[PDB]
């Protein structure tokens, strides 16, 4: 098949920037490149067909060019809406081939995460484990790593993170931390806290006091 | 308005045959030239599996899969099917029904420009020897610790379900502001661990009612769990 | 001297020996016909016809990309083929006509007769007739360009006929669909195609050759007789006959092709070589291998297709190069061949040397089962699409001129190129 080497694999630009993703072909596909946009949990949307043709209803800021072997998609003014993995489709010879995709992210500034702690469920305690949850919400950057000082014992690997995508309104992430102990482990400490590390420079710490 | 929908098992055992079926509504298969199946492994690029002719028996398969792949159709139902034998864990992916578009410019130049103009939502198929299992849902109850004085956050902890695909909605779809459903990473048990939170005004607690509305398709589940301080 | 003659008689010996030596040495000769020269506009839909030391030429110039651009100019010209001075033939244009509206002229075709070219051509306000076929009005226009224009003379230099009376038989529409045609006495024969409503197309699937084709189904060629299996019409090539000795200018008659080696109606070409007509039909369907051969009878049309086992065309999907088995597809390209010797059938043409893409144009002298000699016309990676080849004599030496649509390596804009290739005598 004709392989499409797409690059860069990832990308992040402020709103109002120009983004350029480029994509090369093993052989020559003259005019047979399609540029697609796909958003989380949705189907791909076609933006550019035949290398340089905007499909109707697609903003003018999206533009496409090609030399036969190199093909470049340009977003002239990045907007919050345009955050997606963008992809190539060579539509000349069969097997059809896709680029590897590139993830356009948006840069933003001065977002402070609002931290919340969720005590174990009384229904979960009868079951066996306990999953203490902490919530970091509407913040850029995505990195707000959670350190649980279980009582005052430092814990690594007894908790795992789960981090959302980039939001299409305000360009903020969320992050959820879930600390799984047992019931019996939960009762004796009786003290639980999630500490957060972000560009807030206060080292804010939220507490929780069993019963 | 022409639309596609994938239907499939969600989990396949290793070394056995995967199958999927796409239902086409809004137009007949006999109206479009070629229909195709394509897939996207997680964290990896889109792959094109192959096409079936809309009103002919012809098939073309990607040679990375040609030995294993069989693409069939049922005209009486507007359905077309994928059968991928001898499945490896490399075949875990989201599978998309799709239809093909051909652009021509001159009738003395039969070189169509090909692409895909209509897609399905996609269905995730996992290739694991494990056995399916439905979720339990527990209320992340709002508290003083989760209340900022103007914003209170409450949620649902969805736990101990295999496989990953699940659906959640606050108040059965009517609540979509300040909602965040987190990407399940592999829980240590092997089941899937995600949280589901929403931010709401802290003076509206007790007066308002909130429901988790969890759904698990592989093991049929329509939870309607509620959260209360 | 400096005079170009048609291939007739016993031309000087050519190399009859299969060889690898680089004995073919093409000349780029497009600089005396400067109509082609351009900077990034797309030139497309080429037409080159040659007969009796004269020629017809045509292209369409589109603003923008070659596939979605806007028609800017249509040029239909005629001129002379002469030795430029160094015993190399080259085209010099004499009479040009620019259609008033480019968006009406489609699928022209040219035939020479007695100091005029006639360019039969299709007129459509619905688009390309092949693509929007059921709405095409069916109308045809006949231009007549004089190869020897006279000063302050009109209706000699250019004359347009409206073809009121079309004999179409069972077909709804007929259309020029090929570059070049022949004259026989007073009558002109253009390569043409007919649109027949599929449900009036009588075919038995027991007649589809599925021998040695496990994966092929008997309806396949019945289906693949139109651009889609569904297609309201099927296409059938043949000839449009135009008798100049007829009193009125109105009537043109369609002549269908025999059911031997039937293949979807394709851009075709009837030409004169060494004393007989040879007919070529492009492969836009399962029969990828080249189909052309001597014309047993022009009316009814029956063609003795060579069993060629070495020349073919590229095809992106379901009908790749070297496909001999019935399948449903509508893909291919017009790469024609022109016979140089009939005592042993040796023919010349520029073909794309790729399975799927349209890259690597190669000038090729070949017999049915073997290729005697090649010469690559551009880099092996070069993308090119359509080739039109005609051969003739120059001081009794066999020469060919090939028009080759070629893509710029950096631009993706395409332009026609004109090569002159002398068939050598010696294989060293």
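Order as written gives the chain letters A, B and C; numbering starts at 1 within each chain.
Note that contacts are C-beta pairs under 8 Å (C-beta built on N, C-alpha and C of every residue); 3 or more make two chains touch, one makes a residue touch a chain.
Among the other chains, A has the CA centre that is most remote from the centre of chain C. Two chain pairs, A-B and A-C, are weighed by contacting C-beta pairs, with A-B ahead. Taking each chain's centre as the average of its CA atoms, chain B and chain C sit 51 Å apart.
With centres defined as mean CA coordinates, chain B is found 18 Å away from chain A. The distance from the centre of chain A to the centre of chain C, each centre being the mean of the chain's C-alpha atoms, comes to 55 Å. Contact with two or more other chains is made by residues 60, 103, 113-114 of chain B. Multi-chain contact residues of chain C (touching two or more other chains) are listed as 66-68, 316-318. Counting partner chains per residue, chain A shows two or more touched chains at residues 31, 50, 92, 94. Against chain C, the residues of chain A that register as touching in their complex are 27-31, 50-53, 66-68, 92-94. Of all residues in chain A, those touching chain B in their complex are 1, 6, 31-32, 34, 42-44, 46, 49-50, 87, 89, 91-92, 94-101, 114, 116-119, 121, 123-124, 127, 131, 133, 135, 137-138, 160-165, 174-176, 178, 180, 206-208. On the side of chain B, the complex with chain A involves touching residues 44-48, 60, 62-64, 96, 103, 113-117, 119-122, 136, 138-141, 143, 145-146, 148, 151, 153, 155, 157, 159, 180-185, 187-188, 193-195, 197, 199.
Chain C meets chain B in the complex at residues 44-45, 66-68, 106-107, 128-131, 177, 217, 220, 223, 227-230, 267, 284, 316-318, 327-334, 358, 385-386.
Taken together, the chain B residues at the contact with chain C in this complex read 30-31, 33, 53, 55-58, 60, 103-114.
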